[PDB]
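Report on one structure; see the data block that follows.
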Amino acid sequence: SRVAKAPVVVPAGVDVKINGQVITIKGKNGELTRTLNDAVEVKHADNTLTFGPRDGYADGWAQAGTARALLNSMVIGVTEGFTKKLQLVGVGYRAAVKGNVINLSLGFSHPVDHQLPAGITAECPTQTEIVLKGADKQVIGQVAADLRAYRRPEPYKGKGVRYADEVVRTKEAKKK
Amino acid sequence: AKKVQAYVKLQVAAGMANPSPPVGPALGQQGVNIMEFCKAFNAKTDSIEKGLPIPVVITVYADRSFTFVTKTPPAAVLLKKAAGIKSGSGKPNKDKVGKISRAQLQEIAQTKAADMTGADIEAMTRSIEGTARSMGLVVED
Amino acid sequence: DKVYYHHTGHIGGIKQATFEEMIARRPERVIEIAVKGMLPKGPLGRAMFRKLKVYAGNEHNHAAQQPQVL
Amino acid sequence: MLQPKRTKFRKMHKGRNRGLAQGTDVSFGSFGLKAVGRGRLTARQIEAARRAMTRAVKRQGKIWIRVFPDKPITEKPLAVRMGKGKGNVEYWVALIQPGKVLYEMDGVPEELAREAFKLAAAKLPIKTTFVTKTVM
Amino acid sequence: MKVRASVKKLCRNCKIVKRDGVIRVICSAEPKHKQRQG
Amino acid sequence: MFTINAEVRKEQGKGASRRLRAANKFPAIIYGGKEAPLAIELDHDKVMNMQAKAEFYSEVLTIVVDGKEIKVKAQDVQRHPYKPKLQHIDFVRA
RNA sequence: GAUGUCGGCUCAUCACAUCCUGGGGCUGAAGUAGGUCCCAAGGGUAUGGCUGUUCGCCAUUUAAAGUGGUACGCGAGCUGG
RNA sequence: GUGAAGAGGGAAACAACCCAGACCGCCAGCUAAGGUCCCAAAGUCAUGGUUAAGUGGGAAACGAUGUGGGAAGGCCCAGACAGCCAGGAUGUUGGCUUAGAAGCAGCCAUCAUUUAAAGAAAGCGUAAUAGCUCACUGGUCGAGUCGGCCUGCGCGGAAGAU
Ligand SMILES: [Mg+2]
Ligand SMILES: [Mg+2]
Ligand SMILES: [Mg+2]
Ligand SMILES: [Mg+2]
Ligand SMILES: [Mg+2]
Ligand SMILES: [Mg+2]
Ligand SMILES: [Mg+2]
Ligand SMILES: [Mg+2]
Ligand SMILES: [Mg+2]
Ligand SMILES: [Mg+2]
């Protein structure tokens, strides 16, 4: 039509497996599974994978799109190693890591330590930068925000941990 | 579109330079050496028409050193001299402050030629006519 | 999305309300609740409900009649 | 304030109040705005609508009006029952589904008609025009 | 502000106005400006 | 030229007609000349798109009824009060 | 062949269209304080002067002194202005 | 027309509404209105289609890329719709104005070149320039894509006191 999804290679490391519905993948990165919906019928010839809609039911066809993509990311994650980094701006704001507990000195009375789930560590190349990186893109996303969420940037200044991309310059001029 | 430090442009008088407001801080921020350029610019500007505002593009290097190309004076300015007028019309096209012969425009087109893209003289002449019509300067053939 | 609604008795407009996904303390209750009302309503159908035996955990304490079954 | 009606002589009086039946169709401009469904088109309603057409647009061409109120609508204060039949003062047109807008110079025909359709109590389609061809 | 009924959407860059019925004119991609469901 | 297919009517009255247009088949007529008036049942959602033109009420038309010919023109046109829909159509024979 | 009026006292019970406190969105939101809208009924939600008053105005408090239903809640419970 | 002066069955309950006029008795049949999963008598009936909100099982203006159907149109395998890559130039910082106004405070003008394309410029931004994004175009990918017309069912609008 103008959209769909058909490709999903299985290079080295890509040790995909299906158990009726379940799909466990392996590789240089980690062990990620993701039992899709029920109708789902994914397989694997030698390289291309393919979702399986029990039939052309409304909530059954589109269920393919969201699927042929999720697994694909599982592959793109396991082979590349996912990264995403945010930056902290504002006086006093600092950064630090000690394995998991990424101590955070933002601007409250006492600093904190966000313990990241397993599969994604983080590194502060400086007291200003934090670069998280792991396999599963899921835990990646939530923790990406779960972190910046500790202090969302405010317009008047911009201060507050922001994704290292956020267009938000600053405010609309103040007033009263 | 896009606007970054390094390779600055400015239109400075023929034989005059160094004032802070006009020059100084402008390129001074970039790391240019005010004095050297002042004397350097006005040196060649002697040969180039004195009394004629001439735009120059200075390009600085990591060295903080720099070079600059002196081109031909602005079309608007040239049209002013040609017209014998000091200023534009304020409300161009509504009120004409001056006039210039078609011959003159060819002469200005010829002067600016180096800086203009014009494939042929007619093209050049007309790029300048465009400026004249923006200046409230009529052209009589 | 579906409550059951009981209302105790001691007013104070307490009026208890619990959803289904909220049925984690005693799943046995439901079903027995549903199967009710569909009875003659009164004495006969009242002492007729117990012939169900709740049980929420498959083959467990089948002692309710461990001896014979079908 | 406007008043499409009033402006009649004083006699003849007022009374009655019936129901309705079918509509009607006119033709005077390049674009018309017809309504669909009985309702009460009071003088105030009609002025509000029409007056809202120019609404800082343009005085271009000229708008019309096929609709025209016939007052005879009595109301009573905080008083007893059927002690008379208090004055009226209110308005009412009593349309069905007639055409009543019409536009002179094209310009923004359909556009404006919509920019001022809510003032009316009834629902009116975009309608089209005096015709012997169509649209789309 | 976040309205109750529906005030259309206006502007251009406003949200696709798609979701669980969220109108509110504003035009997102206005770092500060953000008139919407609330 | 415009070509409108059609056929004679079964009946002709309240119930009858009302039942045709209720299925995209507004009943029309065709008179003029020595030939007895013709009562047909054209296809609504197929003629309203053809009347869409200004040519429709100028140049003669060809109604394919039964399988014969006629070559006529449009006279009166009965359209719905508020629905873009169309109704009874008068046809002036040649 | 009788369903006792207003206000007060006593003692209440519910609604939510929320006054305070709790959580949010926008702001012509720097902060502090506000404006408005969403959510929210757990709990809390003034003493007096004048008047029969309800209410109201006034003095002084308070986080605040909510709107409303309950025969304009409440006389086989009090009062009788 | 019914009740009054009418019983029986139906609308949960319900003089008037729907069915229907009770001479008695019957552990015998067929029907009306209305119904057939349990309370509760009888299809968990069949052939097809809609809905996904418990709509059915309360309520308007108006609002919305919900989802069903029918007809007509706009661009497009000389390549469209979304995206990715690349460019977006010259006179010129247009004239005036202004401390400055260089596409982007404001007023006027808004031409012309070079072109595959390139507004004297759509927003952000600078003290003003620098810089960022936009209109437009080339390459990529290769089939639909973008709205209205008429209609089905549905959603929001939707706050109350034991
Ligand atoms: Mg019973
Ligand atoms: Mg509320
Ligand atoms: Mg008091
Ligand atoms: Mg009372
Ligand atoms: Mg007593
Ligand atoms: Mg007394
Ligand atoms: Mg009697
Ligand atoms: Mg039978
Ligand atoms: Mg049964
Ligand atoms: Mg319901």
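In the structure tokens, the first chain shown is A, the next is B, and so on; residue numbers restart at 1 for each chain, and ligands run from 1 in the order shown.
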
Requested in this report: Counting only C-alpha atoms (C1' of nucleotides) and all ligand atoms, name the residues that have an atom within 12 Å of an atom of ligand 7; the answer should be given as a PyMOL selection string.
Outcome: chain H and resi 3-5

Report task. List all protein, DNA and RNA residues that have at least one atom no more than 10 Å from any atom of ligand 9, counting only C-alpha atoms (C1' of nucleotides) and all ligand atoms, and write them as a PyMOL selection string. Result -> chain H and resi 36-42

For the residues in that selection, give me C-alpha atoms (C1' of nucleotides) as a PDB file, in the first residue's frame.
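New file selection02.pdb:
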```pdb
ATOM      1  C1'   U H  36     -37.782 -18.580  24.572  1.00  0.00           C
ATOM      2  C1'   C H  37     -29.575 -18.597  28.983  1.00  0.00           C
ATOM      3  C1'   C H  38     -30.706 -18.810  34.671  1.00  0.00           C
ATOM      4  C1'   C H  39     -34.554 -16.525  38.302  1.00  0.00           C
ATOM      5  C1'   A H  40     -38.911 -18.091  34.673  1.00  0.00           C
ATOM      6  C1'   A H  41     -42.928 -21.420  30.603  1.00  0.00           C
ATOM      7  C1'   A H  42     -40.392 -22.228  25.552  1.00  0.00           C
TER       8        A H  42
END
```

Every residue of chain B that DSSP places in helix (DSSP H, G or I), as a PDB file with N, CA and C atoms, in the first residue's frame:
```
ATOM      1  N   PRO B  25      35.544  45.794  17.521  1.00  0.00           N
ATOM      2  CA  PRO B  25      34.752  44.692  18.076  1.00  0.00           C
ATOM      3  C   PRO B  25      34.082  43.761  17.068  1.00  0.00           C
ATOM      4  N   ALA B  26      33.741  44.268  15.889  1.00  0.00           N
ATOM      5  CA  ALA B  26      33.095  43.434  14.878  1.00  0.00           C
ATOM      6  C   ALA B  26      33.930  42.183  14.624  1.00  0.00           C
ATOM      7  N   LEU B  27      35.071  42.367  13.971  1.00  0.00           N
ATOM      8  CA  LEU B  27      35.978  41.268  13.669  1.00  0.00           C
ATOM      9  C   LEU B  27      36.854  40.987  14.883  1.00  0.00           C
ATOM     10  N   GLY B  28      36.975  41.983  15.756  1.00  0.00           N
ATOM     11  CA  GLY B  28      37.780  41.834  16.954  1.00  0.00           C
ATOM     12  C   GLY B  28      37.402  40.608  17.764  1.00  0.00           C
ATOM     13  N   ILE B  34      43.146  44.107  14.864  1.00  0.00           N
ATOM     14  CA  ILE B  34      42.669  45.421  14.444  1.00  0.00           C
ATOM     15  C   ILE B  34      43.705  46.263  13.700  1.00  0.00           C
ATOM     16  N   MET B  35      44.763  46.655  14.402  1.00  0.00           N
ATOM     17  CA  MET B  35      45.821  47.480  13.825  1.00  0.00           C
ATOM     18  C   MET B  35      46.334  47.006  12.469  1.00  0.00           C
ATOM     19  N   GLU B  36      46.806  45.765  12.405  1.00  0.00           N
ATOM     20  CA  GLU B  36      47.332  45.223  11.155  1.00  0.00           C
ATOM     21  C   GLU B  36      46.353  45.426  10.009  1.00  0.00           C
ATOM     22  N   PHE B  37      45.091  45.062  10.221  1.00  0.00           N
ATOM     23  CA  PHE B  37      44.094  45.222   9.169  1.00  0.00           C
ATOM     24  C   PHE B  37      43.858  46.681   8.800  1.00  0.00           C
ATOM     25  N   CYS B  38      43.761  47.544   9.808  1.00  0.00           N
ATOM     26  CA  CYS B  38      43.532  48.966   9.570  1.00  0.00           C
ATOM     27  C   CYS B  38      44.547  49.495   8.564  1.00  0.00           C
ATOM     28  N   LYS B  39      45.826  49.362   8.904  1.00  0.00           N
ATOM     29  CA  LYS B  39      46.902  49.815   8.034  1.00  0.00           C
ATOM     30  C   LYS B  39      46.926  49.012   6.739  1.00  0.00           C
ATOM     31  N   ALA B  40      46.755  47.699   6.858  1.00  0.00           N
ATOM     32  CA  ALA B  40      46.759  46.821   5.696  1.00  0.00           C
ATOM     33  C   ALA B  40      45.663  47.191   4.702  1.00  0.00           C
ATOM     34  N   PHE B  41      44.434  47.329   5.191  1.00  0.00           N
ATOM     35  CA  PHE B  41      43.321  47.673   4.316  1.00  0.00           C
ATOM     36  C   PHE B  41      43.533  49.004   3.610  1.00  0.00           C
ATOM     37  N   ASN B  42      43.693  50.073   4.384  1.00  0.00           N
ATOM     38  CA  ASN B  42      43.883  51.400   3.809  1.00  0.00           C
ATOM     39  C   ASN B  42      45.091  51.531   2.894  1.00  0.00           C
ATOM     40  N   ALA B  43      46.014  50.580   2.977  1.00  0.00           N
ATOM     41  CA  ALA B  43      47.202  50.616   2.134  1.00  0.00           C
ATOM     42  C   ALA B  43      46.782  50.477   0.675  1.00  0.00           C
ATOM     43  N   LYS B  44      46.148  49.353   0.358  1.00  0.00           N
ATOM     44  CA  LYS B  44      45.683  49.087  -0.999  1.00  0.00           C
ATOM     45  C   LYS B  44      44.533  50.002  -1.380  1.00  0.00           C
ATOM     46  N   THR B  45      43.709  50.360  -0.400  1.00  0.00           N
ATOM     47  CA  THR B  45      42.566  51.226  -0.659  1.00  0.00           C
ATOM     48  C   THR B  45      42.990  52.577  -1.212  1.00  0.00           C
ATOM     49  N   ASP B  46      44.284  52.866  -1.137  1.00  0.00           N
ATOM     50  CA  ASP B  46      44.792  54.118  -1.671  1.00  0.00           C
ATOM     51  C   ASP B  46      44.635  54.032  -3.181  1.00  0.00           C
ATOM     52  N   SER B  47      45.169  52.961  -3.765  1.00  0.00           N
ATOM     53  CA  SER B  47      45.059  52.755  -5.202  1.00  0.00           C
ATOM     54  C   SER B  47      43.585  52.652  -5.559  1.00  0.00           C
ATOM     55  N   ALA B  75      26.231  48.451  -5.230  1.00  0.00           N
ATOM     56  CA  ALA B  75      25.453  48.992  -6.340  1.00  0.00           C
ATOM     57  C   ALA B  75      24.689  50.235  -5.900  1.00  0.00           C
ATOM     58  N   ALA B  76      24.085  50.166  -4.717  1.00  0.00           N
ATOM     59  CA  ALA B  76      23.326  51.287  -4.178  1.00  0.00           C
ATOM     60  C   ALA B  76      24.202  52.533  -4.107  1.00  0.00           C
ATOM     61  N   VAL B  77      25.410  52.368  -3.581  1.00  0.00           N
ATOM     62  CA  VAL B  77      26.346  53.476  -3.457  1.00  0.00           C
ATOM     63  C   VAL B  77      26.707  54.035  -4.827  1.00  0.00           C
ATOM     64  N   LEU B  78      27.126  53.156  -5.732  1.00  0.00           N
ATOM     65  CA  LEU B  78      27.498  53.568  -7.080  1.00  0.00           C
ATOM     66  C   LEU B  78      26.357  54.321  -7.748  1.00  0.00           C
ATOM     67  N   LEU B  79      25.132  53.850  -7.532  1.00  0.00           N
ATOM     68  CA  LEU B  79      23.967  54.500  -8.111  1.00  0.00           C
ATOM     69  C   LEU B  79      23.808  55.893  -7.520  1.00  0.00           C
ATOM     70  N   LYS B  80      24.127  56.026  -6.235  1.00  0.00           N
ATOM     71  CA  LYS B  80      24.024  57.314  -5.562  1.00  0.00           C
ATOM     72  C   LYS B  80      24.980  58.327  -6.185  1.00  0.00           C
ATOM     73  N   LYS B  81      26.240  57.938  -6.363  1.00  0.00           N
ATOM     74  CA  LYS B  81      27.227  58.830  -6.964  1.00  0.00           C
ATOM     75  C   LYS B  81      26.768  59.208  -8.365  1.00  0.00           C
ATOM     76  N   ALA B  82      26.437  58.190  -9.152  1.00  0.00           N
ATOM     77  CA  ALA B  82      25.982  58.382 -10.520  1.00  0.00           C
ATOM     78  C   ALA B  82      24.820  59.365 -10.550  1.00  0.00           C
ATOM     79  N   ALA B  83      23.860  59.158  -9.655  1.00  0.00           N
ATOM     80  CA  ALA B  83      22.696  60.027  -9.570  1.00  0.00           C
ATOM     81  C   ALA B  83      23.113  61.396  -9.052  1.00  0.00           C
ATOM     82  N   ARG B 102      20.801  55.065 -19.042  1.00  0.00           N
ATOM     83  CA  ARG B 102      21.008  53.635 -19.251  1.00  0.00           C
ATOM     84  C   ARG B 102      22.494  53.365 -19.441  1.00  0.00           C
ATOM     85  N   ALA B 103      23.194  54.347 -19.999  1.00  0.00           N
ATOM     86  CA  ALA B 103      24.628  54.232 -20.236  1.00  0.00           C
ATOM     87  C   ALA B 103      25.358  54.058 -18.910  1.00  0.00           C
ATOM     88  N   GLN B 104      25.025  54.904 -17.941  1.00  0.00           N
ATOM     89  CA  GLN B 104      25.637  54.848 -16.619  1.00  0.00           C
ATOM     90  C   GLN B 104      25.489  53.465 -15.998  1.00  0.00           C
ATOM     91  N   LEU B 105      24.274  52.928 -16.037  1.00  0.00           N
ATOM     92  CA  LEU B 105      24.011  51.612 -15.472  1.00  0.00           C
ATOM     93  C   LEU B 105      24.935  50.558 -16.059  1.00  0.00           C
ATOM     94  N   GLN B 106      25.217  50.673 -17.352  1.00  0.00           N
ATOM     95  CA  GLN B 106      26.109  49.729 -18.008  1.00  0.00           C
ATOM     96  C   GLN B 106      27.493  49.893 -17.395  1.00  0.00           C
ATOM     97  N   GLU B 107      27.864  51.141 -17.125  1.00  0.00           N
ATOM     98  CA  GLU B 107      29.162  51.448 -16.537  1.00  0.00           C
ATOM     99  C   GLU B 107      29.259  50.874 -15.126  1.00  0.00           C
ATOM    100  N   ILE B 108      28.188  50.997 -14.348  1.00  0.00           N
ATOM    101  CA  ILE B 108      28.183  50.458 -12.993  1.00  0.00           C
ATOM    102  C   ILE B 108      28.181  48.938 -13.092  1.00  0.00           C
ATOM    103  N   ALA B 109      27.404  48.417 -14.037  1.00  0.00           N
ATOM    104  CA  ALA B 109      27.315  46.976 -14.251  1.00  0.00           C
ATOM    105  C   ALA B 109      28.699  46.445 -14.583  1.00  0.00           C
ATOM    106  N   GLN B 110      29.451  47.241 -15.335  1.00  0.00           N
ATOM    107  CA  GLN B 110      30.803  46.888 -15.740  1.00  0.00           C
ATOM    108  C   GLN B 110      31.724  46.884 -14.526  1.00  0.00           C
ATOM    109  N   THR B 111      31.556  47.881 -13.664  1.00  0.00           N
ATOM    110  CA  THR B 111      32.369  47.998 -12.457  1.00  0.00           C
ATOM    111  C   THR B 111      32.130  46.796 -11.547  1.00  0.00           C
ATOM    112  N   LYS B 112      30.858  46.524 -11.270  1.00  0.00           N
ATOM    113  CA  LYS B 112      30.459  45.417 -10.407  1.00  0.00           C
ATOM    114  C   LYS B 112      30.658  44.045 -11.053  1.00  0.00           C
ATOM    115  N   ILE B 121      26.353  41.312 -20.344  1.00  0.00           N
ATOM    116  CA  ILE B 121      26.207  42.676 -19.849  1.00  0.00           C
ATOM    117  C   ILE B 121      24.765  43.106 -19.591  1.00  0.00           C
ATOM    118  N   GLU B 122      23.834  42.673 -20.439  1.00  0.00           N
ATOM    119  CA  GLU B 122      22.431  43.032 -20.252  1.00  0.00           C
ATOM    120  C   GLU B 122      21.981  42.525 -18.890  1.00  0.00           C
ATOM    121  N   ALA B 123      22.345  41.281 -18.596  1.00  0.00           N
ATOM    122  CA  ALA B 123      21.999  40.652 -17.329  1.00  0.00           C
ATOM    123  C   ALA B 123      22.532  41.483 -16.165  1.00  0.00           C
ATOM    124  N   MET B 124      23.802  41.872 -16.257  1.00  0.00           N
ATOM    125  CA  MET B 124      24.457  42.677 -15.227  1.00  0.00           C
ATOM    126  C   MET B 124      23.779  44.032 -15.068  1.00  0.00           C
ATOM    127  N   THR B 125      23.619  44.722 -16.193  1.00  0.00           N
ATOM    128  CA  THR B 125      22.979  46.033 -16.229  1.00  0.00           C
ATOM    129  C   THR B 125      21.660  45.986 -15.494  1.00  0.00           C
ATOM    130  N   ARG B 126      20.921  44.916 -15.746  1.00  0.00           N
ATOM    131  CA  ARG B 126      19.609  44.760 -15.152  1.00  0.00           C
ATOM    132  C   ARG B 126      19.618  44.343 -13.688  1.00  0.00           C
ATOM    133  N   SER B 127      20.701  43.734 -13.219  1.00  0.00           N
ATOM    134  CA  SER B 127      20.744  43.369 -11.810  1.00  0.00           C
ATOM    135  C   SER B 127      20.810  44.696 -11.073  1.00  0.00           C
ATOM    136  N   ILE B 128      21.617  45.604 -11.612  1.00  0.00           N
ATOM    137  CA  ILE B 128      21.796  46.930 -11.041  1.00  0.00           C
ATOM    138  C   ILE B 128      20.538  47.777 -11.164  1.00  0.00           C
ATOM    139  N   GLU B 129      19.826  47.640 -12.278  1.00  0.00           N
ATOM    140  CA  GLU B 129      18.596  48.397 -12.465  1.00  0.00           C
ATOM    141  C   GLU B 129      17.643  48.004 -11.344  1.00  0.00           C
ATOM    142  N   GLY B 130      17.716  46.738 -10.943  1.00  0.00           N
ATOM    143  CA  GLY B 130      16.863  46.252  -9.874  1.00  0.00           C
ATOM    144  C   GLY B 130      17.123  47.012  -8.589  1.00  0.00           C
ATOM    145  N   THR B 131      18.389  47.344  -8.355  1.00  0.00           N
ATOM    146  CA  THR B 131      18.787  48.076  -7.159  1.00  0.00           C
ATOM    147  C   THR B 131      18.326  49.525  -7.271  1.00  0.00           C
ATOM    148  N   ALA B 132      18.445  50.079  -8.474  1.00  0.00           N
ATOM    149  CA  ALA B 132      18.052  51.458  -8.734  1.00  0.00           C
ATOM    150  C   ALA B 132      16.568  51.669  -8.472  1.00  0.00           C
ATOM    151  N   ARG B 133      15.750  50.727  -8.926  1.00  0.00           N
ATOM    152  CA  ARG B 133      14.312  50.819  -8.734  1.00  0.00           C
ATOM    153  C   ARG B 133      13.974  50.691  -7.253  1.00  0.00           C
ATOM    154  N   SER B 134      14.893  50.105  -6.493  1.00  0.00           N
ATOM    155  CA  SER B 134      14.700  49.939  -5.059  1.00  0.00           C
ATOM    156  C   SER B 134      15.169  51.210  -4.360  1.00  0.00           C
ATOM    157  N   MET B 135      15.945  52.014  -5.079  1.00  0.00           N
ATOM    158  CA  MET B 135      16.491  53.254  -4.536  1.00  0.00           C
ATOM    159  C   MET B 135      15.680  54.504  -4.847  1.00  0.00           C
TER     160      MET B 135
END
```

Query raised in the report: How would you write, as a ChimeraX atom specification, the set of residues no farther than 10 Å from ligand 3 when counting only C-alpha atoms (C1' of nucleotides) and all ligand atoms?
Result: /G:46-49,55-56

Query - Check: which chain C residues lie within 7 Å of chain H using only C-alpha atoms (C1' of nucleotides), as a PyMOL selection string - result: chain C and resi 37-40

What would the file look like if the residues just selected were written as a compact mmCIF listing (two decimals), in the first residue's frame with N, CA, C and O atoms?
```txt
# COMPACT_ATOMS: atom_id res chain seq x y z
N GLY C 37 -28.73 -15.63 42.65
CA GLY C 37 -29.74 -14.77 42.05
C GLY C 37 -30.50 -15.55 41.00
O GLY C 37 -31.70 -15.38 40.84
N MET C 38 -29.78 -16.41 40.28
CA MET C 38 -30.41 -17.23 39.25
C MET C 38 -31.12 -18.39 39.92
O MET C 38 -31.52 -19.35 39.26
N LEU C 39 -31.27 -18.30 41.23
CA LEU C 39 -31.95 -19.34 42.00
C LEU C 39 -33.38 -18.89 42.29
O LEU C 39 -33.69 -17.70 42.22
N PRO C 40 -34.28 -19.84 42.60
CA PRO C 40 -35.69 -19.54 42.89
C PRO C 40 -35.90 -18.36 43.84
O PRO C 40 -36.98 -17.77 43.86
```

Report task. Within 12 Å of residue 63 of chain G, counting only C-alpha atoms (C1' of nucleotides), which residues show up once you throw out same-chain ones fewer than 6 positions away? Write them as a PyMOL selection string, please. Result -> chain G and resi 19-21+44-45

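Residues of protein, DNA or RNA having any atom at most 9 Å from ligand 6, counting only C-alpha atoms (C1' of nucleotides) and all ligand atoms, are residues 52, 80 and 81 of chain G.
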
Query raised in the report: When the cut-off is 10 Å and we count only C-alpha atoms (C1' of nucleotides), which residues of chain A are near chain H, given as a PyMOL selection string?
Result: chain A and resi 1-3+169

Mind dumping the selected residues with N, CA and C atoms as an mmCIF file, in the first residue's frame?
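Output file selection16.cif follows:
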```cif
data_model
loop_
_atom_site.group_PDB
_atom_site.id
_atom_site.type_symbol
_atom_site.label_atom_id
_atom_site.label_comp_id
_atom_site.auth_asym_id
_atom_site.auth_seq_id
_atom_site.Cartn_x
_atom_site.Cartn_y
_atom_site.Cartn_z
ATOM 1 N N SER A 1 0.871 -1.213 0.000
ATOM 2 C CA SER A 1 0.000 0.000 0.000
ATOM 3 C C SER A 1 0.888 1.237 0.000
ATOM 4 N N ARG A 2 1.790 1.361 0.981
ATOM 5 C CA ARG A 2 2.682 2.528 0.994
ATOM 6 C C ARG A 2 3.514 2.203 2.225
ATOM 7 N N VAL A 3 3.052 1.177 2.932
ATOM 8 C CA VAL A 3 3.675 0.717 4.158
ATOM 9 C C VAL A 3 3.429 -0.742 4.477
ATOM 10 N N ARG A 169 15.164 25.740 23.444
ATOM 11 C CA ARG A 169 16.222 26.710 23.698
ATOM 12 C C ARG A 169 16.087 27.147 25.143
#
```
